[PDB]
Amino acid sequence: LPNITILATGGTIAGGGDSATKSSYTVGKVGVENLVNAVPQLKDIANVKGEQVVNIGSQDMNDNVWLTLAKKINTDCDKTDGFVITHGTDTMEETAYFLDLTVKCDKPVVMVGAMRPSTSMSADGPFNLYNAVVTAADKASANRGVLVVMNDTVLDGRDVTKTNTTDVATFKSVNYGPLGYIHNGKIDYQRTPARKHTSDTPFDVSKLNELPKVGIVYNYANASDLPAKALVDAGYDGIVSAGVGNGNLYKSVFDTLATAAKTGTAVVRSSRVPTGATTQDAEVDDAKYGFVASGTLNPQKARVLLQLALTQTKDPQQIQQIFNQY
């Protein structure tokens, strides 16, 4: 059986409530050893080793944990056959894309969480963890980038997003679809992401203590420019706009970001709209303003790539090329 390493970071998968039928609970309580022992069927498919990296709710996920995870996977690659990262669902789509761009280990790296606490009736954690280990143990899972496995489905770290606040089926790759489905412990892979990932990217965080500062501002009717101005006044390296429609901006926000771009702030136009690309050649002349269009990357995913782009370059044309390749 393959050796599989579980790196635990917290989340509702490790959470507990006082009743199996009531919704209130606290995240990231139980340890990695309890999650493993809760699924004795794991011993049929893998030799599982658990390590507790942190124990937080992923609403509190941060740069420091991301750097810890990437360095640990890259350091321990030769010591195991694959990785499973247990994680909160709230920002799993962000961590998955970060690791998708920075992990250099060729072996499967699979993220997994649970929408229901471990104590709940029909808790989804146990089978999710089982299927995550199935995926990390599958030879065919290698070289597909960092993966998220939820609700019997293998999803690429770039397109995967949380589509619903409570549904166990919440995780979907809403633009390009899943890579494969899991049935009876086997996967029929019919897709693989074409965008460059893992060892095909230039992003190398092995020696980094911190990441460039990138914030996100929302657009809506009558939007205040004060959030954007606050990020500019703090000297943020980049700002992602969650625009309306095809990456459009309320005039006040547009005006502030255009002025900041001329001072050197990197500005990426994304969209609050949950599917579809923020394109070039629509209503915003990105070349004129020095802006970058995010494509299908939603605002929090665009932040991930912008932070890493800014470890390499501050030039908008080069950043746009990065947003066209990764």
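Residues carry their position along the shown sequence, with the first being 1.
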Mean temperature factor over C-alpha atoms, higher-scoring stretch between 111-119 and 160-168: 111-119
Residue range whose averaged C-alpha B-factor is higher in the record, 22-30 or 62-70: 22-30
Member of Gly295, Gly50, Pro274, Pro299 with the greatest C-alpha B factor (per the PDB record): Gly50
Ranked C-alpha temperature factor of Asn55 among modelled chain residues, by third: highest
Ranked C-alpha temperature factor of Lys79 among modelled chain residues, by third: highest
Assigned third (lowest, middle, highest) for the C-alpha B factor of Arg191: lowest
CA B-factor ranking of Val267, expressed as a third of its chain: lowest
Position of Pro202 among the chain's modelled residues by C-alpha B-factor, lowest, middle or highest third: highest
